[PDB]
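Encoded as structure tokens, the structure appears first; notes follow it.
2 protein chains.
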Amino acid sequence: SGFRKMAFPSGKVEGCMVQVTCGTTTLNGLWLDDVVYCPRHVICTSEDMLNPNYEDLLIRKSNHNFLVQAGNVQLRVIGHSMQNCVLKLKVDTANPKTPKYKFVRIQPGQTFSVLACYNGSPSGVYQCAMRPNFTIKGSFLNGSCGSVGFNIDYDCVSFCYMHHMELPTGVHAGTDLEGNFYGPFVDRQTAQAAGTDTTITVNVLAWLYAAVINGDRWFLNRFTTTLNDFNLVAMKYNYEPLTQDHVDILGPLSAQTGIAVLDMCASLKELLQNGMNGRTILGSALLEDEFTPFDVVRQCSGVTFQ
Amino acid sequence: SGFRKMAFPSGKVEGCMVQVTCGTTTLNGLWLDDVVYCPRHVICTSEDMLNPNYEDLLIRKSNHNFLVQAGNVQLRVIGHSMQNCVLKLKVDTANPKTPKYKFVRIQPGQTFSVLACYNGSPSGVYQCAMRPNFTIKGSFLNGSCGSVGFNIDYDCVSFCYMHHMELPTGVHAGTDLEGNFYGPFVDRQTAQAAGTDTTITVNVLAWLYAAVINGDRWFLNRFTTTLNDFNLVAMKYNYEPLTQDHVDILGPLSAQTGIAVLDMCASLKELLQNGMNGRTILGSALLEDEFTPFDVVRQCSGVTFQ
Ligand SMILES: [Zn+2]
Ligand SMILES: [Zn+2]
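What follows is the structure in structure tokens.
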């Protein structure tokens with residue numbers, strides 16, 4: 001037993017990571033088949049990022065202005081194109097390490113693993129949730145752009161995130177692999193507001209079920225509630241409203257533990273109104289919302305990948 | 001910026017993971033050069049684990065009683081031997097995926113990444129500290145035995161942990177790669193006490209420095225203290241005593257932030273005596289002690305591995 005924030009094994013994504021340089025800007029690219037994907041602001045100087053015209057900046061670039069390096073090996077660039085906020089660099093060599101993969105646009109509340117990279121080289125791996133306000137709370141230093149987020153299902157890597165920006169508030173923003181930003185963000189160094197950062201209610205509930213499965217039971221109360229009455233409390237505490245879809249997804253955890261979803265809702269409501277009184281739940285002193293219901297089942301069942 | 005619990009990229013260790021079966025017991029092995037390392041209780045039935053005589057049990061086993069499988073490929077076992085609590089299985093094929101590696105026995109308080117495995121297959125990766133009482137708080141289900149813990153420095157993997165046991169208290173115990181248990185534990189299903197689980201004081205201090213580097217500054221007080229007076233408080237709260245070696249290791253973080261180590265000690269003492277009053281530090285509502293001073297510097301500097 002025990003319960004930990006876990007990232008997916010990252011070996012499949014390590015084999016795809018390259019370094020992309022244009023002029024004096026260097027960041028990370030993702031090399032799948034004969035295409036390298038990277039943030040389009042590889043073509044930007046520090047000054048350009050204040051207010052870039054990406055079309056006009058890219059006009060000045062040719063294939064040979066893009067240096068793509070994998071280890072100590074130069075990939076030859078035979079074509080380039082801008083898709084929303086990503087560049088796609090056609091290279092003359094397919095990555096022999098390409099895994100079975102997909103591109104997916106994930107929903108708010110879903111989670112994924114980030115392989116933090118610098119100069120094309122892997123540095124570490126950690127788990128992230130796409131917040132309801134479409135930011136992520138990550139660990140990204142200068143040169144980490146082009147790092148990707150992904151999920152693994154058996155032998156298939158589902159890429160869902162590419163890192164582009166740190167907001168002046170210290171949280172992080174990026175795109176799917178088609179270059180479309182999550183949230184209302186743009187790849188420009190200007191002040192950008194993410195709205196209210198609400199809590200992923202269905203995720204908090206799955207984590208409470210994981211706690212019960214692992215023996216943390218103290219917070220189990222003897223109240224129940226209703227969806228509408230719980231959501232009254234949830235809105236007060238800036239929690240996402242719980243819907244029957246969310247109840248449905250929690251079904252298996254409800255079944256395994258014998259705790260009706262609305263009973264857990266009443267327990268969470270009490271935690272929201274009373275705090276934790278100096279106690280912890282699965283080693284944490286606040287309510288954790290970056291575990292999905294599938295994350296819980298995955299870890300309480302030991303799913304493997306090949 | 002931002003600060004996250006980060007595991008090392010796990011691709012090098014994934015390439016070494018195999019499945020080992022003996023009779024009806026299956027667990028994980030580590031395949032480096034022409035040797036497979038796995039916990040010796042692969043030779044045990046459920047009944048045997050109550051009180052095993054490993055020498056007498058192993059006498060009954062021959063090379064062919066050990067099935068070692070890598071993917072869909074059978075490795076031929078040409079020799080076996082027991083080193084403390086690990087078996088070493090000589091195979092007739094060197095792992096072509098073997099990285100540069102070392103075996104190291106880490107010290108209490110140091111950290112490492114665990115690649116949780118089942119049936120020889122990677123399931124996820126997470127960061128762990130060797131607690132002062134020589135347990136780890138992990139996520140290990142049945143069949144996770146033989147999973148390893150490691151650190152990566154450039155192109156060299158330093159294996160430091162192999163998982164063997166869950167204690168009846170729910171924490172975890174295992175060996176170095178020479179088969180020697182961390183702590184006073186034995187590979188037997190009998191009740192085993194780990195002593196008092198104290199807090200890794202130097203680690204908490206490094207994390208407070210990481211907080212300051214990232215803008216979390218509220219806890220900075222205007223007291224200082226002395227090593228002896230701080231340790232008076234530290235013993236009351238079951239904190240490891242702070243030594244000048246620990247002060248020395250914090251030197252660079254002290255230098256970068258301008259906060260003398262004993263000043264941070266006075267801030268921690270106030271947190272210990274007053275709590276956090278409903279606030280958080282780097283997104284946590286308790287004091288985190290599973291980041292080493294090197295973990296902080298690594299993440300605030302962006303060290304890469306190849
Ligand atoms: Zn960038
Ligand atoms: Zn076992």
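Residue numbers (PDB author numbering), protein chains in the order written: chain A, 1 to 306; chain A', 1 to 306. A prime marks a further copy of an entry chain.
C-beta atoms are modelled at their ideal positions from N, C-alpha and C, and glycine is treated no differently.
Roughly how many angstroms lie between the CA atoms of residue i and residue j, to the nearest whole one?
{"i": "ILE152/A'", "j": "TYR118/A", "result": "16 Å"}
{"i": "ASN231/A", "j": "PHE134/A", "result": "21 Å"}
{"i": "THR243/A'", "j": "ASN228/A'", "result": "9 Å"}
{"i": "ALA70/A'", "j": "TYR101/A'", "result": "19 Å"}
{"i": "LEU57/A", "j": "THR24/A", "result": "14 Å"}
{"i": "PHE291/A", "j": "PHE181/A", "result": "23 Å"}
{"i": "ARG188/A'", "j": "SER284/A'", "result": "36 Å"}
{"i": "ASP216/A", "j": "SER1/A", "result": "12 Å"}
{"i": "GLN273/A'", "j": "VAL35/A", "result": "57 Å"}
{"i": "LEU205/A'", "j": "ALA211/A'", "result": "10 Å"}
{"i": "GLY183/A", "j": "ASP289/A", "result": "19 Å"}
{"i": "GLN306/A", "j": "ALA194/A", "result": "38 Å"}
{"i": "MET6/A'", "j": "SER121/A'", "result": "21 Å"}
{"i": "residue 307/A'", "j": "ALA129/A'", "result": "Nothing in the structure corresponds to residue 307/A', since chain A' is present only between 1 and 306."}
{"i": "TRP207/A", "j": "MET264/A", "result": "11 Å"}
{"i": "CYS156/A'", "j": "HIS64/A", "result": "35 Å"}
{"i": "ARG298/A", "j": "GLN110/A", "result": "14 Å"}
{"i": "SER158/A'", "j": "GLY278/A", "result": "38 Å"}
{"i": "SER123/A", "j": "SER46/A'", "result": "40 Å"}
{"i": "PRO168/A", "j": "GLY174/A'", "result": "44 Å"}
{"i": "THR257/A", "j": "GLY302/A", "result": "18 Å"}
{"i": "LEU75/A", "j": "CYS44/A", "result": "21 Å"}
{"i": "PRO132/A", "j": "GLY275/A", "result": "23 Å"}
{"i": "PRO241/A'", "j": "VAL186/A", "result": "49 Å"}
Below 8 Å on the Cβ atoms is my guess for residue i versus residue j; work out the distance and round it to an integer in Å.
{"i": "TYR239/A", "j": "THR198/A", "result": "6 Å"}
{"i": "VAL114/A'", "j": "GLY138/A'", "result": "6 Å"}
{"i": "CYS38/A'", "j": "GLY29/A'", "result": "4 Å"}
{"i": "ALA234/A", "j": "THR201/A", "result": "6 Å"}
{"i": "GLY179/A", "j": "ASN95/A", "result": "Wrong, their Cβ atoms sit about 20 Å apart, outside the cutoff."}
{"i": "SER267/A", "j": "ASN214/A", "result": "Contact flag wrong, Cβ pair sits at about 16 Å."}
{"i": "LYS61/A", "j": "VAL77/A", "result": "Not quite, the Cβ-Cβ distance comes to about 10 Å (not below 8 Å), so this is no contact."}
{"i": "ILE249/A", "j": "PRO293/A", "result": "5 Å"}
{"i": "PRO9/A'", "j": "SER147/A", "result": "That pair is no contact at about 12 Å."}
{"i": "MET82/A'", "j": "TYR54/A'", "result": "7 Å"}
{"i": "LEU271/A'", "j": "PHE219/A'", "result": "6 Å"}
{"i": "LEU177/A", "j": "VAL86/A", "result": "7 Å"}
{"i": "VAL13/A", "j": "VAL125/A'", "result": "The pair is not a contact, with the Cβ atoms about 12 Å apart (cut-off 8 Å)."}
Identify the residues that DSSP records as bridge partners of residue i: which are they?
{"i": "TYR54/A'", "result": "The partner list for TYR54/A' (beta bridge, DSSP) is empty, contrary to what the question assumes."}
{"i": "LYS100/A", "result": "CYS156/A"}
{"i": "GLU166/A", "result": "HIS172/A"}
{"i": "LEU115/A", "result": "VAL125/A and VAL148/A"}
{"i": "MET17/A'", "result": "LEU30/A'"}
{"i": "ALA255/A", "result": "Per DSSP, none; premise fails for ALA255/A."}
{"i": "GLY79/A", "result": "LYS90/A"}
{"i": "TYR239/A'", "result": "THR199/A'"}
{"i": "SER10/A", "result": "Partner(s): none; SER10/A has no beta bridge."}
Ignore the nearest five residues each way along the sequence and tell me which others in residue i's own chain have a CB closer than 8 Å to its CB.
{"i": "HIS172/A'", "result": "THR135, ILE136, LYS137, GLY138, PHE140, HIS163, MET165 and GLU166"}
{"i": "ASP33/A'", "result": "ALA94, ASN95 and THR98"}
{"i": "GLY251/A'", "result": "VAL261"}
{"i": "residue 307/A'", "result": "In the structure as shown, chain A' starts at 1 and stops at 306, and residue 307/A' therefore has no counterpart that could be examined."}
{"i": "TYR154/A'", "result": "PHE305 and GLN306"}
{"i": "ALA191/A'", "result": "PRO168"}
{"i": "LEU286/A", "result": "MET276"}
For residue i, which residues from the same chain have a beta carbon less than 7 Å from its beta carbon, with the 5 sequence-adjacent residues on both sides left out?
{"i": "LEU27/A", "result": "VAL20, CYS38, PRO39, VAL42, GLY143, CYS145 and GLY146"}
{"i": "residue 331/A", "result": "Outside the displayed range of chain A (1 to 306) lies residue 331/A, so it cannot be described from this structure."}
{"i": "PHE66/A", "result": "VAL20, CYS22, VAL77, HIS80 and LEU89"}
Among the residues of its own chain, which have a CB less than 6 Å from the CB of residue i, if the five just before and after it don't count?
{"i": "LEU50/A", "result": "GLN189"}
{"i": "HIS246/A'", "result": "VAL202"}
{"i": "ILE106/A'", "result": "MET130 and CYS160"}
{"i": "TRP31/A'", "result": "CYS16, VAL18 and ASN95"}
{"i": "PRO108/A", "result": "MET130 and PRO132"}
{"i": "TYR237/A", "result": "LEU272"}
In chain order, what residues of the stretch 156-179 of chain A' put their CB closer than 8 Å to some CB of chain A?
Cβ contacts with chain A: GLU166, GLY170, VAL171 and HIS172.
Of the residues that make up the stretch 139-155 of chain A, which ones have a beta carbon closer than 8 Å to any beta carbon in chain A'?
Residues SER139, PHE140, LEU141, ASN142, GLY143 and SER144.
Along the stretch 208-226 of chain A, what residues have a CB closer than 9 Å to any CB found in chain A'?
Flagged, chain order: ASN214 and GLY215.
Would you list, in chain order, the members of the stretch 267-278 of chain A' that have their beta-carbon closer than 7 Å to a beta-carbon of chain A?
Hits within the stretch: zero.
Please identify, using Cβ separations under 9 Å, the residues of the stretch 113-125 of chain A' that lie next to chain A, in order along the chain.
Answer set for the stretch 113-125 of chain A': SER113, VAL114, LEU115, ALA116, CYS117, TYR118, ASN119, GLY120, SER121, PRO122, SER123, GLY124 and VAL125.
Taking Cβ-Cβ distances below 7 Å as the criterion, which residues of the stretch 85-109 of chain A are in contact with chain A'?
Those would be none; no residue qualifies.
Chain A' contacts made by the stretch 291-305 of chain A, where a contact means CB separation under 9 Å
Taking 9 Å as the Cβ-Cβ cut-off against chain A', the residues of the stretch 291-305 of chain A that qualify are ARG298, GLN299, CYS300, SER301, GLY302, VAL303, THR304 and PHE305.
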